[PDB]
Each structure stands twice: as C-alpha cells, then as structure tokens.
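Note sheet for the following structure.
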There are 2 protein chains.
Amino acid sequence: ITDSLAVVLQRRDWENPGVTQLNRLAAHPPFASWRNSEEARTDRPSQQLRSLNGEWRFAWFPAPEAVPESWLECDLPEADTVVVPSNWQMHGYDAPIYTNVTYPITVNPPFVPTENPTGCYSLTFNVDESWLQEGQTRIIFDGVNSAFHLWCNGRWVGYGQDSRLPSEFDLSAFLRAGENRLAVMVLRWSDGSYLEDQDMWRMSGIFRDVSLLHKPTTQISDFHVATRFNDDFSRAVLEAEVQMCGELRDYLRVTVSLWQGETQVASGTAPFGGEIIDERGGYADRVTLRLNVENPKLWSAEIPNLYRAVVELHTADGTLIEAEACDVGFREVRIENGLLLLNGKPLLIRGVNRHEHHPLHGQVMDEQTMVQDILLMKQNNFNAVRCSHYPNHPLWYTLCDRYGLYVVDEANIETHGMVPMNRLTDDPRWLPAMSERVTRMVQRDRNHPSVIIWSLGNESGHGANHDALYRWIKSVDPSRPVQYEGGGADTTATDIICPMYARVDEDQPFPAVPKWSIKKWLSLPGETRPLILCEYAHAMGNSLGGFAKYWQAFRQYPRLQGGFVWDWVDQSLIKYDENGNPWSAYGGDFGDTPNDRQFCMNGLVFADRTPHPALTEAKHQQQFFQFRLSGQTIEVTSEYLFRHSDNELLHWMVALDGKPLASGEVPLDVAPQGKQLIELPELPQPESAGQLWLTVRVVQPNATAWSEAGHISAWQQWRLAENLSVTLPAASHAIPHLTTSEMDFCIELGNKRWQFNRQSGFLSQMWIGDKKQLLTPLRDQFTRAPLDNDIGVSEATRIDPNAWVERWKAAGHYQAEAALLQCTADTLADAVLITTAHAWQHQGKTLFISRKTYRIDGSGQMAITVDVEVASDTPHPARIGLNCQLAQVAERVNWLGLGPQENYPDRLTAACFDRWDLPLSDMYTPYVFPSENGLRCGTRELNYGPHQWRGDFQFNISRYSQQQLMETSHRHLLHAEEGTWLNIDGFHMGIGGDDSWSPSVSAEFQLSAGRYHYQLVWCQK
Amino acid sequence: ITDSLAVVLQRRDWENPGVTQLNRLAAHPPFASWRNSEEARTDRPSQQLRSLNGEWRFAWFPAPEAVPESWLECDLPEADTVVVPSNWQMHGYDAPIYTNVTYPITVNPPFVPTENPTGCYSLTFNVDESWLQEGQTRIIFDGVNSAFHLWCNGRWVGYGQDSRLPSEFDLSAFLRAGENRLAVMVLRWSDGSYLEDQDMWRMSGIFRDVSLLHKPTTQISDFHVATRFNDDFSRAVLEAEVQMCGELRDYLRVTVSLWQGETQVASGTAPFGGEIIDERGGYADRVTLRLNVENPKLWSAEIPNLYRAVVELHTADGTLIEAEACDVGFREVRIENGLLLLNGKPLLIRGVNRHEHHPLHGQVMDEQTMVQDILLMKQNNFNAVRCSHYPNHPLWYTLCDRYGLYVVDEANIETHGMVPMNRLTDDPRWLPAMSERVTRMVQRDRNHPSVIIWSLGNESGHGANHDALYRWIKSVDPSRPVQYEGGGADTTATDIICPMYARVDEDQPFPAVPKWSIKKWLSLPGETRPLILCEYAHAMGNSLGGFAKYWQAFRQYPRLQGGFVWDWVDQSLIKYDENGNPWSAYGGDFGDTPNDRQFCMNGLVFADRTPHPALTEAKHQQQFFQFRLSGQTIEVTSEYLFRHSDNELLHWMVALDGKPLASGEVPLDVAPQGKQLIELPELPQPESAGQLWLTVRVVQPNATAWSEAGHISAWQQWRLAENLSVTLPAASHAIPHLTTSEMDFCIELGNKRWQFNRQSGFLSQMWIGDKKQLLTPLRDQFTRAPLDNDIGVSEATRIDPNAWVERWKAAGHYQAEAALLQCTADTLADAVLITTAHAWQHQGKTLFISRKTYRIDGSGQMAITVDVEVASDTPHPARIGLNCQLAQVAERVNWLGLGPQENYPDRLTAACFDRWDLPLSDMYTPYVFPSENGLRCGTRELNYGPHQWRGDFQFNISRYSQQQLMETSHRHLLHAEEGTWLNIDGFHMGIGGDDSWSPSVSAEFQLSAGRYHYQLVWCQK
Ligand SMILES: [Mg+2]
Ligand SMILES: [Mg+2]
Ligand SMILES: [Mg+2]
Ligand SMILES: [Mg+2]
C-alpha cells in the first residue's frame, strides 16, 4: 500500500528542490568488482558486472497521475517493446522540442506543468541464486532524463534527479531468486528541468546504460589517485587513498600495484587505518599508499602514455576479496605566473565544444560515434574538448585518456532562461540541488588523466552558490584549475578568464557584463589570469570568418592560450515522408513550439560527421608546424611541447600557373618548440609569363592510432615571383559585324553572334552556331542569398534592424530597379565597341551606377569592363559582380585559383592557389539551411563547357539561383534549375561569424570603397 | 489517508540527511506585518502577529510508531495540559541527559534508535474570518527539538529540522473559520541529531515561541541593511535592498525611512526594479534605496547608538500595504593589517561563551533571564558574547543591540563525538544539511548591529564543507569576519585564529592539531591574522587560576585581541528532597547514562545567576582603566576606544595596617586611549609600625541602563611604605609552669593550660579556665580536598594518572603516617619550650619532615615555628600548613589580609589588602561539587572568638572538615561538624584552570622549593 502509486506520487518530489534523491547510493569512480587481478589488470570484462541493456516494455502517458496502479504488478497489455538505452522522442511518442534560452515549460519554479509526459519502462529478468547468497547487488542507471521513481518486484525502491550522472540503488533486499521485474517511471519535467536549460534538443527517457553490479559485503568503496613530481619530472610519487565499507578486521589489507603493460613498476601493501587528522583520531576504514616512480612517462595529448593501477582488497593470508582498477597517467596541470602550464610547459588550447548528438539516436552515445568524433578532431588538429554542458558518457573519458585529448568536465547546471540569470544560483534554497551536480561529478571522474579542468556548468549568471562551489573543488582537488564563465567571465568563481564570443580587437561593452577585446582583457588593471575562450568562432552555416585573426593573437600573446570553437556537430535530426526517405530536421520541424529554428545548427561537421568546409580553415590555422620563407630557405618551427617531429615528411613543390616545375621531399627533424632550416636546391627561373608559386606539405608517413599513413597535417604556400605578359594579340583577318535593329544590336563573327537588347541594355543572348548559350541575360548583381550570420536572429515577427539582411531589404537592395542611362555601339578598325550605363534605384534614390564597355574583336574574344559607384549612404552591398543563367550543363569545372574548397574573403587562408578541377556537384555546399555558398576566390581563369573566362575574380556556379536559395528553407526542398547559374564577382563581402546574433563582418571585409572596378575576358573554344 | 500516520512515518524522514524540511518557507529577517507606519516606527505590537504560547494538550510515547491515528482526528483522553514553550523532561516525561562528547545515541549515521521518545503536542484555536478573507496566514515555530511533522485540521502540512532556527509554514489553505486544531509531533532523535552534539544537557520538545503571522498577498519578503562610511566616518551611506512577493504592479512603491528618535533623518521612495545584473537584466521584484547620512552617530558596545529604519510598501497614490522595521546601528567591522577593527579602532574582546540555560526551565528562555545576564556581564566588565553553539533566542540579538554587546552568531553544527571529527563535515552527502544551517542563520540575523562575527559551528573538525560555507558567507555578506576553530584553529575557513584553551607561553604539541602558546602562534612563518581565543580559562568550580597571565599578554601584543571565557552559567538543574527542599543537580542525577558528571558546571556564576568568587578576578582584569603610580602621582589610562570618562569619579585612600589616615575624590577626565595625571596631596608618613597602603577605586556617580548609582568599575592599590617593628615585649611578671608526666606535658599560666601528647608529639588540648579549646589536636597538614582542576577527568573506572589527585594519591600523600622522632621540653628564664620532630611516611618512604618549636611565655603567647623538608622525588603537595578542629563557633571572622573574597595564589589580583570581617558563613564557597575553598592569602592576623593568630599565612575556616568535603559529592549533602575547622597554610599550591582535563598549574605556583618555613603566634583574649 505504501508502495502504491497513489501514495508515492502524493508528495510530488518532482516539484521539490529539496528532494533530489531518495535512497540513492553514493558516487564514486568506476567499479566492476573484479574477483581476479589479471582480469582487473588487463581490463577484461567482469562477471560481476551485468548489462541490463536491450529490449524492455514501454508505455507513454500524458501524466504520472494517469498510470494504472496495476503497472506495479502487471505488464500493460497495451505495452510496447523498445530498446534501452533510447530517447523517447525518437520512437514517436511525443515531440522533441528545440528552444535555445527560453525554457520549454512555464517559468514557475519549482513547479512543472500538470501535463507531464510520463514514460513507464519495465523489464523482467533473472538473477543468479549465487548473487543471492552473498555480497550486495546494486542497479546502476548511467542516465535518465529528467527524473524517476523506481520499483522492484512491486516494492518502491528509490528516486533520482540529474539527467547526466549515474544513479545507484541497492536491490539486495528486493531481489528474489528466479524472476524479478523492474518498473521505472520516468518524467519529462521536474524541478531538475530548471537546472538543465542547455541550448539543445529537449528529449527524455532512459538514454544511458543500465547495469547490475555484484559486490562483496566488505568492499572497496572509493579511491583517489594522485601524482607528484620533483622540479623536473625525473621522479614522481603516486599517492592512492582507498576506502572501505563493511566489517573492518585486522586481517584486511590493501595492495596497490602500478603496471606498465606487462611490466609491474611499483607495489605497495598496507593495512587499513591512516594518519591522525584531528583530535578524534583518523580513518580506520581508509588507507593511503605511496609508490615511488623513477623517470615516469608523462601523459599529454601529444603522447598519451598511460599506466594501469590495480587496487586489491584481500586478507592477510593473501586471499583476494575484490579488485578495482584504472588507467593512470602522470601529469601536472598548474597555473603559474599567469600561465596555464602542463607538465611544465604553457599549453596552447586547440579545442572544440561538443554535445552528445546523434541524428538517428538522439542523445544516445555509442563507441563508434565517440571514436569517429575522436579521430576527426585529431585529424583536424584539435587538442582539447569541452563537455558542453554536462558530464558525459562514462566511456568518453576513457577514450580521451587513451587517444589523447584535453577534457573539460562540466557540471549539469544551466539556467539561461531565468531573469536575471542569477535567480536560482544566488538562492541558498538551490545550493543543495546545485551542489549535487558539482560534487557527484568530481567524485566520479576525478581519477582521469584527461580531465585537466573542472567547470561549474554554463550560463547561470553569477551567484553565491557559485562561489561555495568553486571553493569546494579547490579543497577536495587542488590538482586542476576551475572555470566558470557566467556573470562576466572574470569572477571570483573562476581561475581562468573564459569569455564566450569576445572579439579580437573590438570591445562589446554590455552593461554589467562587457566582453572586452581579448587583447584588452588581459591587461585590465590588476588582471593576472590566463585567458581561454570557452566559446568562439560560432560555426553556424557558412561561417568561421575571421578565424585566422584569433590564431594570430593566440600565437602572439603569451596569456592568450586558446579557446574552444562552438561547436562540433549539427544538432539536426532525421525525418522522412513518402518513401521513408530521410531529411535533416531543425527547430520547429516537429510541431515544436517554441523553437529556435536553425539555431541548433552550428557545427564544423554535419550531424553525420561529414565536414563543412569551415573545418579546413580550422585545421590549417591550428597546425602544429609554422613556416617562414627566406630566400631559398625554409624555416620550420615546432609547436609541439613534448614530441619530436618523428612521423613527418616535408613535401615541397614549385609551379607556373598550375604547372609543376619541381618537386621534393625532406624529412622533418625538429624538437618540440624548435626550428629547422630546409635548404632549397636552385629554383627554376622561367620566362614564360605567369605566377611562380611554392607549396609545402607535411605528411605522416606512418599510420597512428588516429590517422592512416600519408595523412597531411600542415601546409603553406608562397608566391615566388611574377612575370607580366607583354604579348600582343594576334592580328585578325576580319572584324565583327555590328548590326542594328529596332529591338537590339547583333554582332556576328563567324558562327558566333552576340545580342544586346536596346531596351534592357544587357547582353541578352549569345550563339555558338545555332545554339543559344543563355537562359537569362548577363546582369549586375549586388545582393546575396543571406547567410545565417547575415540574418542573425531577425524574424518576420521580430525584426532586428541591425542584421545586414534587414539593412539590405530596407535599403531596397533586393528590389531595386535597374535603369538604362545610355547604350551605344560603334565600329572601329580593329573591333566593335558597345557601351552602357545603368542606374539602380529605390524609391527615388539611386544606390548604384553601372558603367560598362564591351569590346569584341577579330579573335572573337569579348572584353568586359565594369566600373561601379555605390552610394556612400547605402548599406554596404554583399556583392559587386554579374550573373546569368547558362544554357549548358557540364560535368566538371576547372579553374586556376584558390581552391579547392569553398572560400570567402575572410575565410580563405586554408585555400591554396593552384589548378583545380572537380565535379559540378562539388561546387555547391549543402548547408541544411540554404544560402549563398560555393564561392571560390582569387580566380584567374575559369572553364565550364566551351566557355572560358579570365580576369581576377571570385565565383560560384550551381543549379540554383540565389532566389531559390533565399526562398527555400531546407536543402531537401531545393530543386535544380534549367541550366547552370553563374555568379562572377569582382568583390564579395566577408561572411564573418564572431557570433551569429550580431553584425560580425569586420571593416576590412566590408565593400566600402565607394568605387569598384573590374574587367573580364570572355571567350569560347 | 496520505495524511495518515502510517503514510507519513513510512518515509522516516528523521533518518535521512537528504530531507531536512518539507514545505518550509524561506528564512528572513524578523517580520511583524504592521499596517500603520508609526506603530512600526515605535515598535508597538502588531495585531498581525499572534502568540500561540500557553496551554496545550500533550502526550508522550516511547516511539513515533505508537501514537494512535485517532490523535490526528481528536485529542487523547489520556493527554495532559502543559504550558508551551517548554522541555518535556522538565515535566518528568523522560530524563534529561548530560554528555559532552559522546553522543547520547548509538553512532550509526544517519540512523536513530527505534526507541524514540516522541512528544505529541496539540492546540485548538480560533481564527478571525478577516484573516481568511485576504492574505496569507503563516505559523512560525521558533525552536522545536529536534525534528517534527506537522498537521493542521487533519491535514499533513510539512516538516522541519534544526532545533535552533525558526520554521515557517503557510496555513492559509488549511484554516477554517472558527475552530482549528494543530497536531505537532516532536521527535527526539533525528538525523539532525548527529549535528547537535554540543556539550550540554540533551533535552527536547517545543522550547521556543509559537506564533501566527498574517501578511498581505503582495508583501515584503526580504530586506537587508548596509552602511558605508567615508575615510573618517564623517559621512555614511545607508543601503536598504527590498524584496517583494506577489503581484507586481507599476503603481507599487517602496519607501524607506531613517529615524533617530522622533526625528526623521532621511527617507527614500522608489518603484521596484534594480540595475542590470547579467545578460538577462535584473530583479523586477526588488529595489535598493540609498540614504545619505551625515555625521551619523556610531554604534559600539561602548555607546550603542541606534537608529530606527522604516520600510513602507505602498501604492503610488499613498495607500499603505504593510510596514516592516528594524533598529539600525552604524558601524564598520573590518580586519586590516592583522588587526580586527571597530570603526577603525582595534578591539580588545572581553567576552564570554554563553549557553541558554535555566535551572527551572531547562532550555527555554525569557526576557528576564536574558536581561539579567546582560546586566551581570556589563556590570562585570564583559564586552561580548559568543552564541555557544547555535543561534539564540531572537530577542537576544535585540537586547545586545540595545544594551551594548558584541555578538558572535554561531551555526547550530557540532559533530564532536564523531570519529574522526571530520567524518560528516568532509562528506558531500552532508553538505545540504550543513548548508541549510549556516544560510538560514545568516538570512535571519544579518541585520543586527550587535552581530559582528559569523562562526561556522563547533568542534566538527575541518571538512571541505567548511570551506564552501565560509566562501558562501564571504560572498553573501562581506561586512563581518568569519571564524571557525575546527581542525587546528588556523585553517583556511577562518579569518581569525581562534583556538580554544591555548596556553600563554606553553606549547601543547598535539599531533595534527597542536595548541601553540598564543604568543608563539601569531608569529609562525607566514602567519598574519589576529588571534582571539574562542574559548579560554575553563571556569570549572574553583578556578580561573592564572587569568592574569592572559590579560597581560592581550595587553602586550597587538594581534592578541582577547577571548571568550568558558563559560557563563552553570548547567545545573534543580531537584527536591523529601522535605520539599530543592537542590542543584548535575550529570547522572536523573538516571541518565552515560553522563559526564559535573562537567556541566563551568560557569562564572551559579545557575541562579549568583556569582562565583572568580567573577571578580575577571572583573578586575578586564577593567577599562589602568593605573600607574609614580611617587605620589597616579597615571590614568583609558581602555575605551570611543567614550570619554563621563560618569567617573576616582576615590583614593591611604591606610595603615587597616587604619584610614586619608581619603580623597577626583573626577575622571580621560579621552579614549588617553591618559590622565593625578597628583596626590602630601600623604602622612606616620611613625607607627606597619604597612602604608594606597587604594584607588573608580566609581560611577550616575546610573546607567545597565548599572546602579555608585557602581564600582575598577580598582588601583599599591604598597606605599613599611615601618619595621623594632619593639620588645614589655617584661612579664609571671612565668609559665611546666608539668611533666609519662604521657604529656602540662604547661600552666593563670587560667590557661597547654597539653602536649607525649606519644603523639602534638598539642592535644588547650584550656581557658575549665573550658576546653580544641576538639581535635593541632597537626601538620599537606593535602587538599581535591579541586575540579586536580581531578580532571579522573575516574574510578578510568584512572588518569597524570592528574594531581592521582599523583598525590599514588604517592600516599593522603595516607601517610606521622612517626614521632623527637619531643622534648625545656625550661628557660621567661618561659617554656617544646621541640618536636615528626616524619611522614609511606611504604618505606619518607615524604615530609616537620620540625617545630613551641614557645609559651609569661605574656601568655604561643609562638610556633615550622620548618619543612619535602622529598624532591615526591609530587609537590597541595599545601604546607596546620589544622585543628576548634570547639567554639563564632559568628564572625575578622582578618588582616587579602579579601574579602576567596582568593588563591594564582588568583588574587582582585583581592585588596585590608581588614575584613564577615559572617563565618561567607567563608565557605558552596561549589555544587564540594572541594577545598574559601581560602584567603597574604594574611597577617586572624581573629575568631577569643582566639587570635599572627604571622603571614593563608587560611580557611568553616564547619567542614577537608575529609568530608572530599567525601561528599554534592553541596546539599554536607553537614556542619561540631566545632569550626581551621586550616592555616604556610604555603598553598595554585588552583590553575587553563583547562580542566590536564594539569594546568604553572611552575611558579607549585611547591617545589624543597624546604619550607613559617612562623605563627597563637594567643587569646
Ligand atoms: Mg525534486
Ligand atoms: Mg544557453
Ligand atoms: Mg532527514
Ligand atoms: Mg563539545
């Protein structure tokens, strides 16, 4: 009766911040409870550890108060068969919601809405009778969103909160020999919900593993590891403290052995009971061993050398009661003199923020995904990762320990939607609930060599609870620094200045919480801390413009030590339709209201782990090698702090406009933080006209754990010398034939004809024989299919008059009327000259003036010449070029310029100048939210079909007009047009991306000169 | 049903640190809910605040699971009618328990015994319909020990822990019109018991006030006061921040007024809504006014200047919603450069620890008692009080605010009997619970000028939780230091070094937590804080030995800023004898087990608030006036930091061996910390043989709110001269007659005769006529009826070998046998001379050797001459002197020496050298636990009845033989013996008292000389 839902629900513990648990065990690092040392040593699987993962029965309800009392005893006839772990939203029971800051529920802490999607999980299973004879048997839940009531065999067991840390319960007095049945009742919202407002998809269910662990009554209940070194790391001391539970006896001992593979390096045995700490004594049930290690191998992301520690509990005769263990890695993380050091050297953080997201699985993680993500970040030269914004799946930490990556363990606390942000975190009544999220976090992951910083959570302003919490960690684990960003990023609750989205050189002086220019911040009066951005370079869509700017500051200021790009992957989901054909879904796509539409898309990779183009920019900038060129000498500078360059080959190449003149290979032999000098054999000194370019690559001959042989880690390119062309055009044996009509001008020359509408003023059509070449005339373009950064957070409803898009619209840029001021056509001896002038106007105001001259000669080469005037008072145009719809549709595209990836003016350092040729298909980037894309810069010659253009411009070429782009909300809605659309730009505006909710394109990238000039040559073959 | 006892108790909330309250409302400053601004100004009584103190029905059960369900519905026929507040033990329901360290319950956290004296209180009452029309009705329990469930009209209402702070609940939705009934169920043991292990009587029940408050729906829910000054305090800024609950409407206003008397000093009005705090704006529902005050009058324990602040919640139009209020005192407490400052002057803390105890009422407090203690303290030179060790009665802070005493608020946390002491304090699972104890305290007391220091608790060792809660306070409130003694007194969780019992010059090097000499601490490498003993000078019984030594150091060192004596009032309880007579009881006096005996009495005053002789040693040492005497010039020094000597007259007197030759009076005119010079008119230089002695006193002409007219606040006394007596005793006509026999020596002279037992060697009898003088022979005495300090913790079951008592005992001091070595008579010209030589021995060893000469002259005077040899390898004896039981019983006692009060060698500075005369009665100290007492040192002449002694000695005289004192365990068990007992000490060991569990007698006070000699003259009248 007391176990009846009717009773258990009365109290409504999901509406009490005072009840965050009910009968839950205490936190600790990971246990398996080995019963044999070797197994323990080599990490084999423990029989004392059982997974309860797989097929469970499930049933959804709109409210806890609607679950049938019978559910405790009997399986619902209307129940399903689902797999655990899993997110409910992913099986169609209800919708995932995607809001950013706004809380999915009504803000009435600590209450939650009566209608509260309740999920009833249940499972029947067998228990070995042997597990009933001795020890203790607990159930461990790795993750449950957001809260839950538990039952076994009909009897109420416990209750938990915090979706992101494990929940343990003793079942010992409830199991039965034979068949037992579990019944979990999970809830969507609880008071917990106000502490978990992360900007991500709001799901729910039993998303992490479920296991049973069998322990001996007298057991190891906890253990911490530690490492101390001398002034040079030539000697370390490993210090292990072990705790016990159960009957204390004089014959119990603890043995601690440290292995180096198959080698045993140090061992220590002792009996329980430690130092006298206070007037009352010491701990009888604890012990600290101290192992000396000579010349330890240090762990680091560059070389994640690991050791194995085995902790055995046995009897004086040597009879083993139980075993626990862990990989250990020797490192010292410290802040000295303003710098964040690691093993003695100042780190340079190359990191990224990363959520646990999976397009099909939701919030469920799995090795494969975890590893894929790992290999990628490493291949792209990432050093660290931040657990935005909650503790991760247990195994994540193990993977970072072995692959080598710096982690930032973050507490499951975000209360963004509160006003002010402070509300909860400055309220003592909430201290208890928050404390649990910090403390159980440190209790669980503290022994991982990879965790090197602790974080108090995210965007919960600055409260007093924050200070209490910072002090707690500082006390229980003096070994790692502590960071929190809320409230201004440089509060008493943080060891590091960790702003989010603070610019390189421009201040953003918000009242109370300004973001100073990062260079400025360091020197503020009294400031001594290192600065490491927790979020920067907001990679939403076509972004990561200005990246090179940070890296350049990072490398020049000792106290600027990195940052974490926001973010790893796109939080997009998969959907279908007719043929159950998949499609990437975003905010709103589920009927979810409210929502932040595409704002859940900001990764460097698509949800499927395929790259956005921005990635490459990243890889290039974070490279570990830096090159300088002086004369015929290449200086290589290492940026590794511990390794020698031992899997590295330098490849150099020289070429004339894409034509290779000389190659070479030189093995790298540089010492962490050192230089090498590579001497170049005499270099080719051509006469032919052209650009001489030098290009270097760093190749890894051998494979590694995270890279296959041949991998390319770095590159650099230099322009050697130019040879201008002073060659005269071949004399011709005829000249074009100008022809007038009421309607247009027709110029012919053989089989080629060009036609110029007299009323429009534009080259309206062209022929190669009988074949018409255009579908739309060739006109001036001054706009673009607004980028995400361009739009910011402006909506139909909420209009942000600052977003470039709004400025462009309001200015009429999109609806301006082109007017012909003057067309003229003349025959000269050697050629035919056409001339135009147009003006664009919006409501009586002229924005732009286009003055051109075409010149066709005997060779059949048309020379275009553009001269543009931009009204000084009009919003800087996104672009200054031409565009037209081609009738042809070829397979490949070939150009001589920056490539091969999409590149923009404020994003093209990763781009190398050379001869590229790709499939048309690769010229359109499939961003989930359509906008301008595909651009390539610094182009000198461009070939598509029988055409060919030459000049100095940027271009894009695809089967979709900007219009289409700018009108389709999802890439899957896009349809290919008739021929190919070509945008030829003489000038393009930067894309920016310092952040996606404000203007970020810096001055240098704004088309602001007033007057632009360009010239093209257009010919066939 | 879900209100039923079976359901509520199912969860055993009192056995879970997870749950510490259900449905309890937030903490806050004190509320009244006035509805008329003046009544609030004037602290009238609000009709909105109703008391529920008075008669209540009560029933007692051995366990929670034994109360009948009917109780929820109806009263129990077998129920009684008690007065509330009260401690159930004081009514005989179960016994009170006295333990110090050792918990009164088996240590099994967080479990409590199934046997749990449960007290069911009930009350029936009537609510005015009005209270039900509008607003909210809350109930406030100001103290309930140790936990309790609560029901209203049948319905479960909530629950609470922490016996020392208020618990509020909303009854609003449970009330009816007319009759209403409460059913409060009080528990004895709860998980919260593990955090209340203060050394004191373990009682239980509803011990503080019970009230009902009615507050408007839209109301003032919080408010804090804050004062800032300029450099010289010439200007201050009063910052009041107000918080509101309810419906927020633009027409709401908050007005804050500052009054000083009837005069309005300042005021400020404003709408709600503060400054931006973070990216989400600010508090809509708060506002902060800032009132400028010029030349504000400052608050000190010296001058408790107070201002009244009024808070008005009204509509813009002027309608009033409600008014709250508080007394405000302007003062800044800051630590700077190692010093603790008050309005920029360095404090000198003259204070004491104080528990809230009442002989008749147990733990319940009252205006009277409270006020009494405040006056005693102020009258005896006290400066401040320490809330040992929990928050006090609300009324107590007001009283100190108004009376003038620095308080140290202390959280109700003590885990003393744990092992180690850290045990729960360093465990994150107890963080919430501890947190709730500090935060609510701060929340409620934060506005009392009186409170200048926060303390995190008592003897709980040092755990991480301490560091968290320390920071918390630091952030939340930065206007007061934070101190804590645990784990070393100098940890990271305390702004001040505050040891308990550290000696002045002796280090006590305990492991992990040593107690350095207070002078040495201050200077350890890197140390910089101020030192203030949280607890010193253990006042157990006959104690305070050495107190002067402390005050000389506090005086000498800057950073040595004072301490808190331990303690104020004895923790004794009253019982009754079959003849209706009441007696003081103590540990074990109730059948309680286990108990700590007399360890509950340590106060400087008797449970009835009567003074112990020690209260004078403290009064004099803590005086605020220091005197220096130069020739004939008295140099006065003020120790007040704020006041000028405005009610001070200095009286001076010169006297010869007790005779007054000259007097005087001079007004006192001294600035704080300044000096005054007083020049004494020529003093008589009489010829008369003797000792001239000058004595100064400071008297307070006018009465104070805390002291009557003619108050003596300080006293100055120096030896001016000596006139050695060259006289010879006029010739005598008569001459004693000696009569030898086989067993004696009769000496005769007139009506008097002296008989010396020849086998004893001692003077066996004496006669004045036919009247026999002695009842007991006169013999050499070397022992004392053991003091509390000599006993320590020594017990029968647990002998403490290091104890004085144990040593003396083990050495046979108490059982030595006198062996005659020599007894001889001799005839002289003018008289008769007896020579004896005795030896004390034990098991073969000779401890002492007394060699005497008696010399009866014809003047009728008997001259004694003592010479003692004490083995060097024997424990310095308690005393070296004589004793005998007299047959006479005089009424008074008159003497020439130190007094009036009982004084010992290491405690006599308070005593003045004069001629005292007091009723035999006053020469006995009624220490609840009997032992040696009443002594008076530096005696020159002692008169009792016809007898009269002369020499230089110390003596005590009562009706209790040392043998009985040491034999009786309670003062009410002693019976007067036939005559009068007299002890004439030639030397006496000090009493000590630096602590009562180790040997606290310093070197300079032990009788280690080896050889002693004293001389006496015994004569009649
Ligand atoms: Mg809850
Ligand atoms: Mg957020
Ligand atoms: Mg509890
Ligand atoms: Mg104690």
Side-chain angles (χ1 to χ4, degrees), chain A residues 9 11-24 109-112 116 146-149 158-163 187 189-196 278-280 429-430 432-434 436-437, chain B residues 8-9 11-24 98-104 109-112 146-149 159-162 187 189-202 353 355 388-390 410 412-418 421 424 429-430 432-434 436 457-461 485-486 500-501 534-535 538 566-567 571 596 599-600 602 997:
Chain A
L9 304 202
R11 3 143 186 190
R12 300 188 71 84
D13 304 300
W14 63 87
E15 316 182 275
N16 188 19
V19 184
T20 80
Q21 71 84 39
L22 235 26
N23 306 337
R24 186 164 71 180
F111 313 102
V112 122
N116 190 345
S146 78
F148 77 98
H149 273 297
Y159 172 80
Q161 309 174 12
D162 182 349
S163 342
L187 0 201
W189 331 114
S190 78
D191 44 281
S193 292
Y194 295 84
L195 301 176
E196 328 175 304
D278 45 58
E279 297 93 331
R280 304 221 73 201
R429 309 145 46 190
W430 287 84
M434 305 183 215
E436 291 249 292
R437 344 190 136 232
Chain B
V8 181
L9 338 164
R11 23 156 160 168
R12 290 184 89 82
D13 291 313
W14 64 88
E15 292 188 55
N16 169 10
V19 201
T20 58
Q21 63 82 24
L22 280 16
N23 327 304
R24 187 163 73 210
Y98 176 84
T99 353
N100 186 174
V101 165
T102 296
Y103 286 97
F111 302 107
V112 143
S146 79
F148 69 108
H149 271 304
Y159 161 98
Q161 292 179 3
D162 188 359
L187 286 234
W189 321 115
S190 82
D191 41 73
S193 272
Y194 294 90
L195 312 163
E196 323 175 322
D197 193 44
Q198 284 81 354
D199 174 71
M200 70 178 331
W201 289 94
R202 305 330 169 85
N353 283 261
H355 271 98
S388 60
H389 303 317
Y390 37 74
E410 178 162 291
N412 189 31
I413 304 149
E414 166 156 346
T415 64
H416 209 149
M418 294 273 3
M421 260 225 250
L424 320 177
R429 286 125 88 242
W430 292 73
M434 290 207 236
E436 268 223 319
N458 209 54
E459 11 211 67
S460 293
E485 180 280 339
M500 59 186 49
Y501 324 107
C534 68
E535 301 183 6
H538 201 193
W566 182 273
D567 68 0
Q571 265 181 95
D596 288 280
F599 272 113
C600 58
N602 323 305
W997 40 89

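One-based numbering, in listed order, for ligands and for the atoms of each. Values reported hereafter were calculated over all heavy atoms of this structure, with side chains retained and with hydrogens, waters and symmetry mates removed. The sequence lines fix the lettering, A, B, ..., with proteins before strands; numbering per chain opens at 1.
Nearest heavy-atom pair across A/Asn116 and A/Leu187 is OD1-CB, 4.0 Å.
Side-chain contact, B/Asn602 with B/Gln571: no donor N or O sits under 3.5 Å from an acceptor N or O. Of the N and O atoms on the side chains of B/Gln161 and B/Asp191, at least one donor lies less than 3.5 Å from an acceptor on the other residue. Donor-acceptor pairing under 3.5 Å is recorded for the side chains of A/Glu196 and A/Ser163.
For A/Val19, the nearest N, O or S atom to the Mg ion (ligand 1) falls under 2.8 Å. For A/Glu15, every N, O or S atom stays at 2.8 Å or more from the Mg ion (ligand 1). At a cut-off of 2.8 Å, A/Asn16 coordinates the Mg ion (ligand 1) through an N, O or S atom.
Ring orientation note: the planes of B/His149 and B/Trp14 are nearly perpendicular, at an angle over 60° on the 30°/60° scale. The aromatic rings of B/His355 and B/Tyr390 sit tilted relative to each other, their planes meeting at an angle between 30° and 60°.
Nearest N/O/S atom of A/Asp13 relative to the Mg ion (ligand 1): this is O. Minimum-distance N/O/S atom of B/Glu459 relative to the Mg ion (ligand 4): OE2. Considering just the N/O/S atoms of B/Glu414, the one nearest the Mg ion (ligand 4) carries the name OE2.
Rounded to the nearest 10 degrees, the angle NE2 (A/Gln161) to the Mg ion (ligand 1) to OD2 (A/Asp191) equals 110°.
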